[PDB]
Amino acid sequence: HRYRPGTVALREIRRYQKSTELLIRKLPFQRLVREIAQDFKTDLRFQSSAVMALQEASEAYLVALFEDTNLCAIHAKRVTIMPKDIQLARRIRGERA
Amino acid sequence: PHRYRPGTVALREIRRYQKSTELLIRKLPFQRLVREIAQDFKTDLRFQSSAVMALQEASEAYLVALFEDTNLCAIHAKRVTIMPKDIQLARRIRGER
Amino acid sequence: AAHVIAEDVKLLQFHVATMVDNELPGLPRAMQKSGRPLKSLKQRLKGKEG
Amino acid sequence: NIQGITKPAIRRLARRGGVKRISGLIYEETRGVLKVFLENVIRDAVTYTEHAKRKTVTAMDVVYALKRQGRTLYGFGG
Amino acid sequence: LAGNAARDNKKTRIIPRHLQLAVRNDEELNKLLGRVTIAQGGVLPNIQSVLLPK
DNA sequence: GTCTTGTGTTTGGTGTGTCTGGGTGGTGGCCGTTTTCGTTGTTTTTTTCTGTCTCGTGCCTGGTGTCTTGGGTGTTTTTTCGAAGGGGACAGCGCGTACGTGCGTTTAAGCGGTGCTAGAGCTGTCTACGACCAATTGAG
DNA sequence: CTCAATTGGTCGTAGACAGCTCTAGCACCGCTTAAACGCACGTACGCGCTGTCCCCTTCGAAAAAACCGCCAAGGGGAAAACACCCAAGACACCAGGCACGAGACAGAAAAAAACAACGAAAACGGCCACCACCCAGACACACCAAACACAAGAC
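This is the structure we're talking about:
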């Protein structure tokens, strides 16, 4: 049969809040990191542990941002989070000016 | 007779107070409140008038910032202004309790 | 007036189509305003007695 | 590179974030915000690395950058 | 920045108004001082366009 | 199908270690010239005041438009769409009573004038204390 | 296995700490009136919704085509109403500027208090010797990093 759209979503939320491993693929993140750092300094090296620490901080930051954004959407009474939600979120956090 | 339409005066007021910088709370009420709260922590504390005024400046600027965030929460579906749900939201986005 | 020109061309489209097919689906059948529907060029040759 | 943060990866994160329904526009927004984030963090980390005269960015450099940013991370030494 | 704000306020003495205006008008000073509260600074004049009459 | 996985291994860059030693900053005394604070004079800000600007509410003159109307000639089988299911985003417009503008009354905030006092902070005396040290031990 | 933890002791001074006052923060009255309250009122924007828009689908709905031959002879009606004026006009609803209510504020005088200038005390800031240990640099290891390659697999 067909699962009514949105019924697997909650299941996935339940899984991914149960799970705790990192959710971005390790090498692609690492390469994005090396790229960004190259812009600041050439011939840089990273400890693997340092890259994993960056990924941890980045993911946990993003998770908290998504949480806040979701709350904004709910305040919009929207199930669907939107860029305007992220903007409002960060704005209230005072990240973006 | 004469009557400004709704919010005409309110806008004029906002313009006014954003032009000015005085304390918006009446001082002596605030001072009494501070004394009351402190009494809950410790009896027989003397407050430098300057220390009071400092607490007042902080409280006012903090609440004004909070109102700013709250009014930013108004934004969706061209909804207008602020309700306690908005306050609660903004505070939680800040991570305040 | 770009407003009205749209309606003018819509009505021209109605007349020209009804010249060659009176029996459009949904569109009002062109008529001699006293009742009788207009025999379009399709109808001149459409079926039996074409 | 940036698109290496795949749509499924961002979905997975937002699901961990409890997001039920996602506008596709969220993916590029997430990439932009994550880029800004990394930018700041890495800039601080390299600035420690530069001060240490190192070429290797260490885990401690990242920790100290996050400690500055108000993002204190436990797991790699304090 | 604060002296320029004072000048355009047509005042010779920089007062906390002007310090706050300067600090918030420059985005970079605002980032350096984003958590700071300035006594008697008030706010930048800013009304959300939603609020303005059409 | 994809080119990430992450194990497996390669090899050498560079990080960190240890060793040397003299450049450096700290310590100390000493001088001195700078800084702070107290007093006096003034110029800029603020207050009360006049007044005129100005923009809002909406009054007012009367204009741009309109729509009434006297007179009327003529204005059963086959295809394929494109529905519906399954769900949100949003939202136009209705409803309605919340809270804005007002006003009249009541309050007590503010001024400020005056009294009091206690403990903030200063200064002076003593030594409990933490730093340094040599000699000692075993916990990580 | 070893050097960071440990001890008894001295030093000398941090700060206990006790006194001392007089700062300024406590109460207090009391008159003024800005602001608070409260009430009326209403209109606008917080509530509501189902209109509908989006992804994917089939599939059943409208569409639309077809449905003796031909042949005879009635007896209707073809509106013409009323569209759409033409046209002339008085009629709104529309300008828009009148006009000044009420506020804002601009310009002025005046008061005053902020703050500029002058003089005084003193401790901080600088000069010098001199100290030594810190940190630079050198020389070295080695390991952890990049890198290559493959597996299986996340997309």
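Protein chains in written order, with my numbering: chain B, -5 to 91; chain P, 7 to 103; chain Y, 10 to 59; chain U, 177 to 254; chain R, 28 to 81. Idealized CB from N, CA, C, for every residue including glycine.
Beta-carbon spacing of residue i, residue j below 8 angstroms
i	j	result
residue 2 of chain P	residue 69 of chain R	Only positions 7 to 103 of chain P appear in the structure, and residue 2 of chain P is not among them; the question remains open.
residue 233 of chain U	residue 26 of chain B	no
residue 62 of chain B	residue 99 of chain P	yes
residue 56 of chain B	residue 242 of chain U	no
residue 186 of chain U	residue 203 of chain U	yes
residue 35 of chain B	residue 215 of chain U	no
residue 7 of chain B	residue 231 of chain U	no
residue 64 of chain B	residue 180 of chain U	no
residue 45 of chain R	residue 52 of chain R	no
residue 48 of chain B	residue 239 of chain U	no
residue 71 of chain R	residue 17 of chain P	no
Proximity test, Cβ basis, 8 angstroms: residue i and chain U
i	result
residue 82 of chain B	no
residue 7 of chain B	yes
residue 70 of chain B	no
residue 47 of chain B	yes
residue -4 of chain B	no
residue 44 of chain B	yes
Any C-beta of chain P under 8 angstroms from that of residue i
i	result
residue 64 of chain R	yes
residue 50 of chain R	no
residue 65 of chain B	yes
residue 33 of chain B	no
residue 74 of chain R	yes
Chain B within 8 angstroms of residue i, Cβ atoms only
i	result
residue 220 of chain U	no
residue 197 of chain U	yes
residue 100 of chain P	yes
residue 228 of chain U	no
residue 33 of chain P	no
residue 244 of chain U	no
residue 193 of chain U	yes
Paired residues, beta bridge with residue i - DSSP
i	result
residue 40 of chain Y	Y:46
residue 74 of chain B	U:197
residue 39 of chain B	U:232
Separation of residue j from residue i, as counted between CA atoms
i	j	result
residue 82 of chain B	residue 10 of chain P	33 angstroms
residue 67 of chain B	residue 9 of chain B	22 angstroms
residue 30 of chain P	residue 86 of chain P	24 angstroms
residue 41 of chain P	residue 63 of chain P	16 angstroms
residue 36 of chain P	residue 73 of chain P	19 angstroms
residue 45 of chain B	residue 76 of chain B	29 angstroms
residue 252 of chain U	residue 236 of chain U	7 angstroms
residue 50 of chain Y	residue 37 of chain Y	17 angstroms
residue 69 of chain B	residue 198 of chain U	16 angstroms
residue 43 of chain P	residue 33 of chain P	16 angstroms
Residue-chain proximity (residue i, chain R), Cβ-Cβ < 8 angstroms
i	result
residue 26 of chain P	yes
residue 15 of chain P	no
Partner residues on chain R for residue i, Cβ-Cβ distance less than 8 angstroms
i	result
residue 64 of chain P	64
Contact set between residue i and chain P, taken where Cβ atoms lie within less than 9 angstroms
i	result
residue 69 of chain R	23, 24, 25, 26, 27, 28, 67 and 70
Amino acids of chain B, ordered along the chain, whose beta-carbon sits closer than 7 angstroms to that of residue i
i	result
residue 231 of chain U	37, 38 and 39
Contact set between residue i and chain R, taken where Cβ atoms lie within less than 9 angstroms
i	result
residue 86 of chain P	77 and 78
Cross-chain neighbours of residue i in chain P, by beta carbon under 8 angstroms
i	result
residue 44 of chain R	27
Neighbour list for residue i in chain B, Cβ cutoff strictly below 8 angstroms
i	result
residue 251 of chain U	47 and 50
residue 254 of chain U	Ordered by position in chain B, no residue passes the 8 angstroms Cβ test against residue 254 of chain U, which lies about 12 angstroms from the chain.
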